[PDB]
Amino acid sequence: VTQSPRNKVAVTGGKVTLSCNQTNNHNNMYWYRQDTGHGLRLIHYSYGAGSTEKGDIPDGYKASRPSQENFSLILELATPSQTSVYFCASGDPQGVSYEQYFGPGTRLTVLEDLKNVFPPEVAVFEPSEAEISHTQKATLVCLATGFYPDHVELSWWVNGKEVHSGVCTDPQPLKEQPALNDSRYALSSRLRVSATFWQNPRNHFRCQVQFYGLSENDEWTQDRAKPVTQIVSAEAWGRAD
């Protein structure tokens, strides 16, 4: 089950269409939204090609099943309460099984104004000589700051290849101004390597932050750079010191 787009920023009152495609030839398709304290709740479903049915919470949404494969969710007039993670699913009623097959989810943010959208600033902080001397290990820190909405994907790249060990990223981004509504966010990550690996100047370290923002089709007439979906990186070379 696939979903498109995977991330979307929309304005209050704008029209949003979320698409779902399945290759399982299942008669049933479903649209859910996930929210804290509610698990996943059914919005609309379809018991076959050309037809749609209201789910538990249909208000503010329409659905379209133009073929056996496609099921779309339409927000004619997006409202901030529709900010959520949307999951599409398929299921086969022909057999005895009630099992459902889920898409990867679509993160939607509905904002009153697109001027609140900001990409992150990214900085890499080099290891402490005190940590190296005491532990013969070296921790680099990546800091992604000032972004909005709060979803980014941070990864570490060493000598041009993504690393999958020695890393951890904060469970959640933090609010830079907790008292403020529409506060920008910060997120950090650590990469820990051996002291001898960090000390080698042939080794290159880069922190990459994938940000999901505006699309090409969004209008932008402000002075600052358009906060489109983009990748913001910071890098450091190893050094003996």
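Residue positions are given as counts along the sequence shown, with the first one as 1.
Student: Per the record, averaged over C-alpha atoms, which has the higher B-factor: 14-22 or 220-228?
Tutor: Taking the mean C-alpha B-factor of 220-228 and of 14-22, the larger value falls to 220-228.
Student: 185-193 versus 26-34: which one carries the higher mean Cα B factor per the record?
Tutor: The stretch with the larger average C-alpha B-factor is 26-34.
Student: For the C-alpha B-factor as written in the entry, point me to the maximum among 170, 129, 113, 121.
Tutor: Highest CA B-factor of the listed options: 113.
Student: From 63, 209, 180, 42, pick the one with the largest CA B-factor in the entry?
Tutor: The C-alpha B-factor peaks, among 63, 209, 180, 42, at 180.
Student: By the recorded C-alpha temperature factor, relative to the other modelled residues in its chain, which third is residue 198 in?
Tutor: Middle third, going by the recorded CA B-factors of the chain.
Student: Comparing against every modelled residue in the chain, figure out the third that the C-alpha B-factor of residue 93 lands in (lowest, middle or highest).
Tutor: Its C-alpha B-factor belongs to the highest third of this chain's values.
Student: Among the modelled residues of its chain, does the C-alpha B-factor of residue 151 lie in the lowest, middle or highest third?
Tutor: Top third by C-alpha B-factor.
Student: Sorting the chain's modelled residues by C-alpha B-factor, tell me whether residue 142 ends up in the lowest, middle or highest third.
Tutor: Its C-alpha B-factor, which the entry lists for residue 142, ranks in the lowest third among residues of this chain.
Student: Splitting the chain's C-alpha B-factors into thirds, which one does residue 77 fall into?
Tutor: Its C-alpha B-factor, which the entry lists for residue 77, ranks in the highest third among residues of this chain.
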